[PDB]
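Novice: Sequence first, structure after, both from an experimental entry:
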Amino acid sequence: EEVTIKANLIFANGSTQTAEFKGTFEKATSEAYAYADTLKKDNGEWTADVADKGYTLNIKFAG
């Protein structure tokens, strides 16, 4: 039931950052979205794609 969701955050500036969240699929994934959401103020809206069968989230922030 416990899994790891790896979130790779990519900003318009070309920089990147990675964070892993551990818990159930829903909880861990939700925490990744929440973190991305806190970064929207200074980084804009984000879109995302999934790799590794949904266990890797590649999140990209617009301008």
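Specialist: Everything's here; your move. Residues are numbered from 1 along each chain as shown.
Novice: contacts and neighbour counts: CA atoms only from here.
Specialist: Will do.
Novice: Buried residues in stretch 15-30, which are they?
Specialist: By neighbour count with 16 or more other C-alpha atoms under 10 Å, stretch 15-30 contains the buried residues 20, 21, 25, 28, 29.
Novice: Could you tell me how far it lies from the centre of the chain?
Specialist: The chain centre lies 6 Å from the centre of stretch 15-30; the measure is C-alpha atoms, centre = their mean, to the nearest Å.
Novice: Repeat that for stretch 51-58.
Specialist: 10 Å.
Novice: Tabulate the CA atom coordinates of that stretch in CSV.
Specialist: As requested, the backbone C-alpha atoms of stretch 51-58 are provided in CSV (Å, rounded to 0.1, in the frame of the first residue of the first chain):
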residue,chain,number,x,y,z
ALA,A,51,6.6,8.3,-16.2
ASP,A,52,7.4,5.0,-14.5
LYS,A,53,3.7,4.0,-14.5
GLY,A,54,2.6,7.0,-12.6
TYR,A,55,5.3,6.9,-9.9
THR,A,56,7.3,9.8,-11.5
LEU,A,57,5.6,13.2,-11.9
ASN,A,58,7.4,15.6,-14.3
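Novice: can I get the CA coordinates of the helix ranked longest in the chain in PDB?
Specialist: Determined from DSSP state H, the single longest helix within the chain is helix 25-38. Below are the C-alpha coordinates for helix 25-38, written out as PDB (Å, rounded to 0.1, in the frame of the first residue of the first chain):
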ATOM      1  CA  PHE A  25      -0.600   6.500  -4.000                       C
ATOM      2  CA  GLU A  26      -3.300   9.000  -3.400                       C
ATOM      3  CA  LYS A  27      -1.800  10.600  -0.400                       C
ATOM      4  CA  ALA A  28       1.800  10.900  -1.800                       C
ATOM      5  CA  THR A  29       0.600  12.100  -5.100                       C
ATOM      6  CA  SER A  30      -1.700  14.700  -3.400                       C
ATOM      7  CA  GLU A  31       1.200  16.000  -1.400                       C
ATOM      8  CA  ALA A  32       3.200  16.400  -4.600                       C
ATOM      9  CA  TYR A  33       0.400  18.500  -6.200                       C
ATOM     10  CA  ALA A  34       0.100  20.600  -3.000                       C
ATOM     11  CA  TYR A  35       3.800  21.500  -3.100                       C
ATOM     12  CA  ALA A  36       3.600  22.400  -6.800                       C
ATOM     13  CA  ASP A  37       0.600  24.500  -5.900                       C
ATOM     14  CA  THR A  38       2.600  26.500  -3.200                       C
END
